[PDB]
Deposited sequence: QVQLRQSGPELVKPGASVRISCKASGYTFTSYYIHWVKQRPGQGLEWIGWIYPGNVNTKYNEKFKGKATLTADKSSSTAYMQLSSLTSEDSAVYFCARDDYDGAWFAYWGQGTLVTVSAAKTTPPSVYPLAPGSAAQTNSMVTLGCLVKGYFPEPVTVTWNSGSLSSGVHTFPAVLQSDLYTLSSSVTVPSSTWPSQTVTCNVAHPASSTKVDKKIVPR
């Protein structure tokens, strides 16, 4: 059955170039088009260009001309995309998609490759306890995870036994460094009478921090 397997996530410096592979399996590679689609988190789907291995033909999006360069190897059935002067705004997931003949532009999609363009160096997070100002059924606590690169970060509460009523919020770019907050809602009979701790894991900086949420 039809298979499109993509290169794997890339973390590249700005200006530098990147190459994403797309391996095809389960059909005659030279009989079909291979398209490339950009998906920037806030912009929807965007066609970059096509390649047709049959006669090496390429057609590009105006937006992407001289930004994307599409090649393919016939013997490995592997399509490649190279992008050149990487901007912060080239941070997206990128898909390769093959068509159905006389049917549709995109029939089978690759799993996607995440490209993240940033000049930042590996940064350990700062974890700050968020304890309530007021007094007393339910009581919300929090953990602020601030100024770290790269994503991803892992937030648990009470080593993970506290999992109901937890919200971990999508990170935000706060001046080239990521920051997020995680909240937990517990019975007022449990905190402040009990050790409530958020455990923050950051694999890239190889760090583990525990923060006892204590009253101010």
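Peer 1: Missing CA coverage against the deposited sequence, listed in sequence order.
Peer 2: Model skips only 137 to 139 of the deposited chain.
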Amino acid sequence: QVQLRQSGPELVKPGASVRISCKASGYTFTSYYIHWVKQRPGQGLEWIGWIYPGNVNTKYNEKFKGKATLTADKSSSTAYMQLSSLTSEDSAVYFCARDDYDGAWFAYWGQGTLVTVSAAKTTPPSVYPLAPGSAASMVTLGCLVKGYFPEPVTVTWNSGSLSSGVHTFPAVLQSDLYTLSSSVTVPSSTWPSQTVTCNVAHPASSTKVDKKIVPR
From here on, numbers count along this sequence of modelled residues.
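Peer 1: Once you work out the mean C-alpha B-factor for both 24 to 32 and 176 to 184 from the entry, which is higher?
Peer 2: Averaging CA B-factors over each stretch, the winner is 24 to 32.
Peer 1: Using the B-factors recorded in the PDB entry, average over the C-alpha atoms of 72 to 80 and of 109 to 117, then report which stretch comes out higher.
Peer 2: Between 109 to 117 and 72 to 80, it is 72 to 80 that shows the higher mean C-alpha B-factor.
Peer 1: Between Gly165, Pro152, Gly147, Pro170, let me know which has the highest C-alpha B-factor in the entry?
Peer 2: That would be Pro152.
Peer 1: Using only modelled residues of the chain, where does the Cα B factor of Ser85 rank: lowest third, middle third or highest third?
Peer 2: For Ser85, the deposited C-alpha B-factor lands in the highest third.
Peer 1: Considering every modelled residue of the chain and its Cα B-factor in the PDB entry, is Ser137 in the lowest, middle or highest third?
Peer 2: Answer is middle: the recorded C-alpha B-factor places it there.
Peer 1: Which third of the chain holds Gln39 when residues are ordered by C-alpha B factor: lowest, middle or highest?
Peer 2: Ranked within chain, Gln39 CA B lands in the lowest tercile.
Peer 1: Ordered by C-alpha B-factor within the chain, which third holds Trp191? Give me lowest, middle or highest, please.
Peer 2: Its C-alpha B-factor belongs to the highest third of this chain's values.
Peer 1: If you rank the chain by CA B-factor, which third does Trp47 end up in: lowest, middle or highest?
Peer 2: It falls in the bottom third of the chain.
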